[PDB]
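Starting off, we have a lone chain in the form deposited in one PDB entry, written out as C-alpha cells.
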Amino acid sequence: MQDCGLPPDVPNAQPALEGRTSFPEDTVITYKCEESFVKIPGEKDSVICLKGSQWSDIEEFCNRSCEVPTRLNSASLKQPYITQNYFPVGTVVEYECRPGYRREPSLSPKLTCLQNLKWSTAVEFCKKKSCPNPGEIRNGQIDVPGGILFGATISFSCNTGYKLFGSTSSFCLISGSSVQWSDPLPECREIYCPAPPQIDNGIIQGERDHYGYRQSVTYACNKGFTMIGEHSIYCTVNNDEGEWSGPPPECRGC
C-alpha cells in the first residue's frame, strides 16, 4: 500500500512521528539524538518512505562526546574548536592565550576528551603577563603584597614628615595589547609646621621661612628679661599635620 509503517529503530536516536503510525510515500522522518548524545557531522539523520512500503536505510549517527570545553580566563579556544560542539573520545582541541596572558612554552595548550567524557587536566599553559617595575617614590614607599603580574594591586605611602599627593594605590590592568599600571606614582610632600609663635620681650634666633619634621626653633630673651621654659621647640608631625612640640618659653622682667 502507498504507506510505510513505523520507521526503523536507530540506536540512541528518536524519530519525530508527529502523532501518527502510518506514513505516505515520500514522507521524510528525521531522528534526534538522545540525551548524552550528539549527532555525527556529515551523516544522515532521516529516512524516507519509498515504493513498496519500504523505508530508506539509516545507520547510527549519534555519539558520545565531551561537553564544550570549560571557560578559561587565561585562554580561549582556537578556531575551529571554538565553534564546535561535537567532541567524541580522543578529540584534542587547542587554546590560545587571552590578554593579558602569555604562553608558558614548557606546557601544552591542548586538552583531550577522555574516555569518561571529561576534558584532560588543565595546566597553566597561558600565564599572567607582568606589569612594569613600579619603581620608587622619593621619601615614600611602595607596598607590593603579591607580585606585579596582571591583576595585582600595590599601595603607596609617604615617610614620616611627608604628605602623599596623588594616588594611594595602583592595579596592573590590561591595556590594549599588554598590561599596565592603572595609576602613576604619586608624590610625597614635606609637611610644614605652622609658623612658630613669637614671644613678648624675646625673639626667635634666625627664624626660617619653613619648618619641617623635627626642625627646631630657638628662643632668646631681650636684655633684662629672664627665660622661663624650654630654650627651643621642635616640629612634631602626626597624621600628616605638623605641630610644635610645646609652648614657647616666657621672658619675664624686671
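The first residue of the sequence shown is number 1, and the count goes up from there. Superpose the two forms; the largest set of C-alphas matching within 1.5 Å is the rigid core.
The next section is about a form of this same protein that is not shown, the form deposited in another entry.
K.L.:
Kindly check if the Cα atom of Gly202 is displaced 2 angstroms or more between this form and the one not shown relative to the superposed rigid core.
P.N.:
Yes; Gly202 is a residue whose C-alpha shifts (by 2 Å or more) between this form and the one not shown when the cores are overlaid.
K.L.:
Does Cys188 show a Cα shift reaching 2 Å between this form and the one not shown after rigid-core superposition?
P.N.:
The answer is no, as the C-alpha of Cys188 shifts between this form and the one not shown by less than 2 Å after core alignment.
K.L.:
Under a superposition restricted to the rigid core, does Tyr213 display a Cα displacement of 2 angstroms or more between this form and the one not shown?
P.N.:
No, the C-alpha moves less than 2 Å.
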